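Below, in structure tokens: the form deposited in one PDB entry, a single chain.
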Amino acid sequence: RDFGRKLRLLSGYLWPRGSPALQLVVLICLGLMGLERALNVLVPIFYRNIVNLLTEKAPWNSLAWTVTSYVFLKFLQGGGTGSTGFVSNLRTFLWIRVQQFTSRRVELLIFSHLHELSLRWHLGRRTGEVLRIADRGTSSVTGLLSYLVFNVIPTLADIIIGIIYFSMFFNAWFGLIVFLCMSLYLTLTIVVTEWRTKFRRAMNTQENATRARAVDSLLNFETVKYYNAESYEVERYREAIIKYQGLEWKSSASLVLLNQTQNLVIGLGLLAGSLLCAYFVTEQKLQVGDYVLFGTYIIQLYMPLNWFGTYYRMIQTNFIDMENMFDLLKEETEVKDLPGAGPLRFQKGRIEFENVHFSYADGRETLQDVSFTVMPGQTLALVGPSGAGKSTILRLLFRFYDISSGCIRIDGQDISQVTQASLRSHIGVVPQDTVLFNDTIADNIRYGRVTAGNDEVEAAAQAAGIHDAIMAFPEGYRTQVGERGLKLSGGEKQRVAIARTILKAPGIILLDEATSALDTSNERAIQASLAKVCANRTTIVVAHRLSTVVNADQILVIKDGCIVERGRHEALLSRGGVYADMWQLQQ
């Protein structure tokens, strides 16, 4: 039933293909499992020997030695519920290390491969669902291995070994009795389990619904604002509670029924076995100790079978979760890749366009036959209505999609024939809302270059005029910054964005202006700093204000993928066309 490939993948993930100091640990763990399985069978034999020696008035010495050996063996073996003895504890003590190793490896792998994807897929689904999928996937990879290997194979092996022992060394009917009892136990526990899976899921769905209902009567506090509607909400909560309680009652009972069907089957068992053994004993066919041996063996072999239910249920789920996570990882639809080879030669920073058409969505087209060429060092600007074309062309400048038709070349070299690393390193981008994550300002600034020391940080503090503002803070570089720490203003995060821009030392500045209201002096200082970092550097600015455009060397207007102005600035001044639009935009 397609289990072959599944088990092959599980085996692949089991063996630590890496460090050679862990295969020895795995071998030791398997040997310990084998020793535990042997002890589990050979303890009752010593119990029977003790009883037999006691019933024939043996001398004290042999009795003492045998009882000491039996007690030591019981201590080594699981002295109850399987998972108590010394052997199982050592097995856990090594498997924790091996499990941590494998979980770390798989988690790093999935994290890196998920981070390697493109943007469209990352906007396709929300982050919470995918993070939950990943966490459940790694938890399943560990737990399914643990559950199967160390709780479902040992139990079946114990069952088979006990059947063989009873059929060979004890009699010919006890084997049949045990086999029938265990077969009935297994099949009944399996079915009952499916019926219960049904009535249960329905309980989890109802619980999720009744929990979601509760939130929207505490997060939507308009009840009193509208009317005296406390009674209505109370009644609705009562009805939801009633439904959930009914489903819960049905579930819990299924469990009581699985539990008792089991406690019966094992019992019809004991009876049959105990009655037959007693009858065989009373006619000198067996010994006294055989009775206690059979009782102890049946009890001890039934002991780890009490959870087969939970185990079926889970070994299933975790398989579904593994399917989901492997489907996530196996996806190869990440079409933003690179050619076979070819670095980038950033000679001077030439940018050219040749009738490029692109539409980020489907159905209709937004950008078509856009063509313009910018001399290096000139601060070209883009203006237009409230549209998404500006952001689109911003992204195609940054190799964030794949152009459907056209060509984008830089310095006489196509950007589609080079790796993303150099092209993205040479360009610094300032977004509208520069949001930062939870860390100190020191690593925030060093985020520009990992190998750059604090010398570049001091240089940036001197250059960007942030030294006085930074040292004004009494907490120093170890200040708690972010949503966890203190809040900052928009101007401050723009300033730190310029700081990391100077850290980058880029070749092109594809900056986007923020729309924050501020005094003209601070904005002019910011623009002066931007000019002094983009001096003798290509610059593209997107804004709705003419202050940055009046001194700009070239201005373009985009109207649904159309450009109607070109040439030098004096030509546009002499046009006298939408210059009315510029006049009415100036005020």
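Sequential numbering from 1, following the sequence displayed. Take the two forms, find the largest set of C-alpha atoms that superpose within 1.5 Å, and that set is the rigid core.
Just so it is clear, the following notes concern the form deposited in another entry, a form of the same protein that is not shown.
**Student:** If you line up the core, which of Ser516, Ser183, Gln100, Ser83 has a CA that moves 2 Å or more between this form and the one not shown?
**Tutor:** Comparing the C-alpha positions, the one residue that moves 2 Å or more is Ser516.
**Student:** Under a superposition restricted to the rigid core, does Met471 display a Cα displacement of 2 angstroms or more between this form and the one not shown?
**Tutor:** Yes, its C-alpha moves 2 Å or more.
**Student:** Would you tell me if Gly18 moves between this form and the one not shown by 2 Å or more at its C-alpha, with the rigid core held superposed?
**Tutor:** Superposed on the core, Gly18 moves its C-alpha less than 2 Å between this form and the one not shown.
**Student:** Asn49: after superposing the rigid core, is there a C-alpha shift of 2 Å or more between this form and the one not shown?
**Tutor:** No, its C-alpha moves less than 2 Å.
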